[PDB]
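What follows is a pair of forms of the same protein chain, given separately as structure tokens and numbered structure 1 and structure 2.
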Structure 1
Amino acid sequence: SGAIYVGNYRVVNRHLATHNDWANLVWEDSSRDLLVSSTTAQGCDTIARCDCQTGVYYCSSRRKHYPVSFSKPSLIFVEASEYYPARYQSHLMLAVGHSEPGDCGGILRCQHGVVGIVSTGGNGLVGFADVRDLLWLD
């Protein structure tokens, strides 16, 4: 679990969005595993606008933050789950690191701000949904 709170927006993994997120929907994209909903309160976070390929992410299954080197956002094949059929997920960045299903939503940050959130994993890999291209979040 986990979300980004920026301005009057809440960014979550689309597969973990609540009834309230869908009732206050701003934008969603199944191909990216992202959903953005509106909030009444002003958010705590700031978004990176950069091309960093190193950062630190929060791993809830270890209660720890880990440093990572990650690939540029790209189209990556993701196997079927209870939430999606087998498909290509776009704007996804991979890194070597630990992840379990409940780890989705953990923030990845660089020196400039929030880069993205955990969205995939397995076998010593972790995948992050990039949010740096969503300029309208600001």
Structure 2
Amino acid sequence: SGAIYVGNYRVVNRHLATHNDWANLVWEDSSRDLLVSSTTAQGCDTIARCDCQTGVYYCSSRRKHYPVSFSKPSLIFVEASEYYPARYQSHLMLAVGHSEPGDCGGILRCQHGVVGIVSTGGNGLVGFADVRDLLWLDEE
């Protein structure tokens, strides 16, 4: 589990979105596994605005923060998980690392802020849904 709280936005994995999230929907994209909802309270998270490919992500299944190198956001085939069929996922970044389904929503950060959230796993890779292209999270 996990979310990004930027301004009056909450960013979650689309597959983990709640009724409240859908009742307060701003934007969602199945192909990216992202959903953004509106919040009453101001969040304090900063979205990274950069092309960094090194960062640190939180892995809840190991209670560890792992430094990782990660790929550029791309359209990648993802094998079946407990929450999606085998399919193409867009704006996805891969690293070598541990990811169980419960690790979805772990934050990946660099010196510039939040890069993305864990969205995929298996075959010894961890996949992160990028958020750095969503410049509208910074305003409104």
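Only residues modelled in both forms are compared. Residue indices: 1-based, along structure 1. Rigid core (definition): largest C-alpha set, two forms, superposition within 1.5 Å.
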Rigid core superposition between structure 1 and structure 2: residue from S69, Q111, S81, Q42 with Cα shift of 2 Å or more: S81
Could you tell me the distance the CA of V6 travels between structure 1 and structure 2 after a rigid core superposition, in angstrom? 0.2
Looking at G124, what is the CA displacement between structure 1 and structure 2 after core superposition, in angstrom? 1.1
Regions of at least 3 residues displaced between structure 1 and structure 2 by 2 angstroms or more (CA, core superposed): 79-86
